[PDB]
């Protein structure tokens with residue numbers, strides 16, 4: 001019943017993720033690795049759960065919150081008892097970039113939901 005979807009919402013994830021990924025050679029904060037994203041499906045809660053651990057930056061926090069809004073679950077500070085989070089540790093730099101990868105591919109493909 002309504003015209004095309006909100007395109008502005010796309011430019012948001014595009015410029016934001018492009019900004020974080022378009023950073024100097026130095027990684028995020030201090031190159032603190034984290035549990036690689038799960039671009040497979042529920043990658044939102046993934047990047048949110050790993051990024052939430054960040055402390056002393058507040059630069060990515062924006063992407064964190066915006067990611068939570070979609071995160072199909074709960075993942076904050078100290079709230080895990082499954083022991084199914086440890087898998088592959090990757091540099092926060094490549095981490096963010098990957099986040100931009102899947103995120104842009106989703107919001108762009110139209111399967112952002």
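One-based numbering along the chain as shown.
Each Cβ is built from the backbone N, Cα and C atoms, and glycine gets one as well.
Residues or ranges marked as N-linked glycosylation site in Swiss-Prot: 19, 30, 38, 53. For 29-57, 45-71, the entry in Swiss-Prot reads disulfide bond, with the evidence type experimental evidence.
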Next on the checklist: Using Cβ atoms only, which residues of the same chain lie under 8 Å from residue 45 (disulfide bond) while being at least 6 residues apart in sequence?
Outcome noted: 71, 72, 73, 75
Checklist entry - Cα distance, residue 53 (N-linked glycosylation site) to residue 29 (disulfide bond), nearest Å? => result 11
Checklist outcome for this item: Checking the glycosylation sites 19, 30, 38 against residue 57 (disulfide bond) with a 10 Å Cα-Cα cut-off, in sequence order, leaves 30
Item to check | Residue, out of the disulfide-bonded residues 29, 57, 71, whose Cβ gathers the largest set of other Cβ atoms within 10 Å | outcome: 71
